[PDB]
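Taking the form deposited in one PDB entry, here's one chain by itself in structure tokens.
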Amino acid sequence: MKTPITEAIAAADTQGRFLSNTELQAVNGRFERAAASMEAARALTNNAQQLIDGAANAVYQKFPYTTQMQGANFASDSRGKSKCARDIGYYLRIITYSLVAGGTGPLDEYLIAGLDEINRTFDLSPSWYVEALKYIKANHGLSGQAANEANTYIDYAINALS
């Protein structure tokens, strides 16, 4: 898995060399940012259920046809509502993984790789998840660099969907 530490190791290993002072400074950079990252991860985790429910309702509010139209890809029944809240929880959970890992590794590996193909295949609109992520950004209640960290990874997810 890609993290600031394993990326530094992979770079040194590619060049067949010991870790450089540049890479040790890079890892301390992660160490220095970790306080803000962990604050964001704790808060997103503690309010995960309320954040997931609110994000799902925000999507339905913005795109009411998703609770209207018949179809396997929509949330007009109990099955589709469970699928949607499950998906949004996946986004939130993996964002906290990225905050804790110190990089987008978990997002890239667990969610973004193949994301385009999955949404195309199952007729899932990227705009739905963008709206859900925008809601999480607006309601995580963080400030300072904790909010910066949270918003950086949320924006990364939104970019992956745009």
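Shifts are known only where both forms have a C-alpha. Position 1 is the first residue in the sequence shown; the rest follow in order. Definition used throughout: the rigid core is the maximal C-alpha set that superposes within 1.5 Å between two forms.
For the segment pair 87 to 95 and 72 to 80, the entry gives 72 to 80 the higher mean B-factor, averaged over Cα atoms. Averaged over Cα atoms, the B-factor as recorded in the entry is higher for 137 to 145 than for the other of 137 to 145 and 20 to 28. Between the residues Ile52, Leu115, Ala40, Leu107, the entry's highest C-alpha temperature factor is the one at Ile52. For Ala160, the recorded CA temperature factor ranks within the middle third of the chain's modelled residues. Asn151 sits in the middle third of its chain by CA B factor, as recorded in the PDB entry. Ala132: CA B factor in the lowest third of modelled residues in this chain (values from the PDB entry). Ranked by C-alpha B-factor against the other modelled residues of its chain, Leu111 falls in the lowest third.
Beyond what is shown, the protein has a form deposited in another entry; the following relates to that form.
Put simply, after the core is superposed between the shown form and the other one, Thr22 is the one residue in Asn139, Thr152, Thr22, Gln145 with a Cα shift of at least 2 angstroms.
Core-superposed comparison between the shown form and the other one: residues with C-alpha shifts of 2 Å or more form a single run of three or more, at 9 to 22.
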